[PDB]
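Please read the structure below before turning to the comments.
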Amino acid sequence: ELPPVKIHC
Amino acid sequence: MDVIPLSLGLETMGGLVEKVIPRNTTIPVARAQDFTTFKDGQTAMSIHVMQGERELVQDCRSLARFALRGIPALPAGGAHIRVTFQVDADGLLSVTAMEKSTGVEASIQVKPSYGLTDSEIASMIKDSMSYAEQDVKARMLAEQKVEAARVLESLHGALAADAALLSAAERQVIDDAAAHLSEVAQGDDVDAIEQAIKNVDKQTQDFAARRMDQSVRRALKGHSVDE
């Protein structure tokens, strides 16, 4: 499963 | 009061570690950070809890891993996830991931177990300064690789939707630019990845504009049962 991507800066 | 000896964080795209609770924070404590999906329709996300001060996964200690599942299927970057880290006064660590629109959640608790020695803690702290600049370069590299994959995923979705707007000739120029980006993103030259992304962007500008033109003519002048 993919890890998270930051949603903002 | 007692403090956390090393930063606690989460793996993010590109093999990087995002710190959620900083080293030397007094316990008990809780902190959260927010995240999103990488691909259209993604329904799951991997929550990989780590400990340490450095920027790459391979240079931190893996504590636990679990998944959040049941994320509503939405376009890439659309689902909003909050991950909360909690360390209680006895050192119990709880991590919770939760999605905004449905409240779906998953969590774990990790019992304190066989410690790090004080001397391994010290060494990990000192390595983080000693390799600071190498780490800054490694993070920049990895973040460019993520951007490459982001651009490729978006193109992949657009081609899936709207291949009909391109000639086989134009489609080959695009496919060749995308294959070349994909190749250089496997190496370790940051400037080259950047230039290859720029080339994909320039080769897809007309395609992206035809896709907008199509949505606009349709909304504004109306649709045709033809196509």
Side-chain angles (χ1 to χ4, degrees), chain A, chain B residues 9-20 32-38 40-50 56-57 60 62 65-71 74-85 95 97-100 106 139 142-143 145-147 149-150 153-154:
Chain A
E1 315 288 2
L2 297 172
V5 181
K6 283 145 110 130
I7 199 170
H8 58 59
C9 62
Chain B
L10 204 47
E11 176 171 4
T12 61
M13 286 295 301
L16 291 161
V17 180
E18 184 74 11
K19 296 185 178 53
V20 180
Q33 184 115 250
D34 289 12
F35 299 95
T36 193
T37 48
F38 199 70
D40 281 348
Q42 191 179 330
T43 57
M45 187 185 283
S46 173
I47 313 299
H48 178 195
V49 182
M50 346 266 259
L56 318 166
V57 167
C60 292
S62 177
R65 187 187 305 244
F66 69 103
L68 170 61
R69 290 179 169 111
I71 295 159
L74 296 162
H80 187 155
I81 281 72
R82 181 154 285 174
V83 179
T84 303
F85 281 39
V95 174
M98 177 189 301
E99 181 274 338
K100 170 166 165 303
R139 171 170 291 274
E143 279 175 349
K145 297 184 164 157
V146 170
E147 183 66 9
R150 180 181 81 57
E153 152 76 13
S154 176

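These numbers come from the heavy atoms of this one structure, side chains and all, not from hydrogens, waters or symmetry mates. Every chain is numbered from 1 and lettered A, B, ... according to where its sequence line falls, protein lines coming before strand lines.
In this structure, A:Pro4 and B:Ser46 approach most closely via the heavy-atom pair CD-O, 3.2 Å. The minimum heavy-atom distance linking B:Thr36 with A:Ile7 is given by the pair CB-CG1, 3.8 Å. Contact between B:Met13 and A:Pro3 at its shortest, heavy atoms only, is SD-CD, 3.6 Å. Minimum heavy-atom separation, B:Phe38 to A:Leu2: CB-CD1, 4.2 Å.
For B:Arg65, no part lies near chain A; criterion is any non-hydrogen pair under 4.5 Å. Neither the backbone nor the side chain of B:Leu16 comes within contact range of chain A; no heavy atom of the residue lies under 4.5 Å from a heavy atom of that chain. B:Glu18 touches chain A through its side chain: at least one heavy atom from C-beta onward sits under 4.5 Å away, while N, CA, C and O do not.
Rounding to the nearest 0.5 Å places CD of A:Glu1 at 13.0 Å from CZ of B:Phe66.
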